[PDB]
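This document opens with one chain alone, in structure tokens, the form deposited in one PDB entry.
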């Protein structure tokens, strides 16, 4: 018998659970045997981003299954973290000083990095392929109102708030109801959902 070499990662045993329009036994979702964690469209996740030397957060948008060999591809909408926001572009849209006054740019860079909610994410329609071996934890993303309520009890590594969707460049913000984006993502087809989201920030 061919004894296949394994790695610790193989102990987790991510399982592909397929279901029908509502029940079980099509729509797929991933379940980790070791702890029961389940991932599917609409779920936001904290992933290790080695290129950034820190974590990145995404909203799973598609579990692509290759029926010929069970190879799975996890695709997700990319959120931007505070340091990916274009401060000036942001203030020109929400701070009258940016358009009325002529303050030096550094003024807005310092102001943003000093006042921005570091746990406020910005949804973008830009898809990225994720690898399960980089999974950190399920993210708890909520809108501004819930955030106000939870403010005093936030787990800075799991809880985040989203009020806008914007271009990957961190500009052109559009108010959104993240909870509804989530419901919408797991309801309509992948390409249709992403395209709708992509058009929200362009004329």
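Residue numbers count along the first chain shown, from 1. Just so we're on the same page, rigid core means the largest C-alpha set that superposes within 1.5 Å between forms.
In what follows, reference is made to the form deposited in another entry, a form of this protein that is not presented.
Asks: Determine, after fitting the two forms on their core, whether residue 70 shows a C-alpha shift of 2 Å or more between the shown form and the other one.
Replies: Yes: residue 70 shifts by at least 2 Å between the shown form and the other one.
Asks: Quick check: residue 113 between the shown form and the other one - does its CA shift reach 2 Å or more after fitting the rigid core?
Replies: No, its C-alpha moves less than 2 Å.
Asks: Taking the rigid core as the frame, does residue 86 move its C-alpha by 2 Å or more between the shown form and the other one?
Replies: Comparing the forms between the shown form and the other one, which are aligned on their rigid core, residue 86 does not shift its C-alpha by 2 Å or more.
Asks: Thinking of the 3 angstroms or more shift, are the C-alphas of residue 97 and residue 118 brought closer or pushed farther apart in that other deposited form than in this view?
Replies: Residues separate in that other deposited form, at least 3 Å farther apart.
Asks: So the C-alpha spacing of residue 68 and residue 75 changes by 3 Å or more in that other deposited form; is that change toward closer or farther than shown?
Replies: Result: closer.
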